[PDB]
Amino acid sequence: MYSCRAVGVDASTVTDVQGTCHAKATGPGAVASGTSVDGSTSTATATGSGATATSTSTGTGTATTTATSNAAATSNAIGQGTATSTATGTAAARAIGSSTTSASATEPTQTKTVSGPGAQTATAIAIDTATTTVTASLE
């Protein structure tokens, strides 16, 4: 297994790449982490205070997360498929995205796009393609 982690510090972008595992974090309170294998890809990008991006892939899966500001994006590409999650929050409106691809899911594709004032969440589970996009704006 490869594992990667980048912790954002003031006025820095930090990159950690191990094999097929790419983590990138910008600014204080940003954390990107992942695990992957040969044949899989994990990409995690976090920007700004309260941003957490976690990408987990196995088999031939691609797990991609992008978290900005008060936001968590989690992608689990378990054995196969493309799990993509993008989440953007603001102070006092947290955006949470979760995408999973798994042979146990019922649907080939699941897409959730969510946008509004205050806390917002979007979750997708699919066999081939799980995609979540979440924006939380000021109440």
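Don't overthink the numbering: it's just position in the shown sequence, from 1.
Can you tell me which stretch has the higher mean Cα B-factor, 110-118 or 71-79?
Taking the mean C-alpha B-factor of 71-79 and of 110-118, the larger value falls to 110-118.
Would you determine, from the values in the PDB entry, which of 86-94 and 28-36 has the greater average C-alpha temperature factor?
According to the entry, 86-94 carries the higher average C-alpha B-factor.
By its CA B factor, does residue 135 count among the lowest, middle or highest third of the modelled residues in the chain?
Top third by C-alpha B-factor.
Residue 61 CA temperature factor, ranked by third within the chain
As the PDB entry reports it, the C-alpha B-factor of residue 61 lands in the lowest third of its chain.
Third of chain Cα B-factors occupied by residue 101
Lowest third of the chain for residue 101's C-alpha B-factor.
What third of its chain's C-alpha B-factors does residue 55 belong to: lowest, middle or highest?
Lowest third of the chain for residue 55's C-alpha B-factor.
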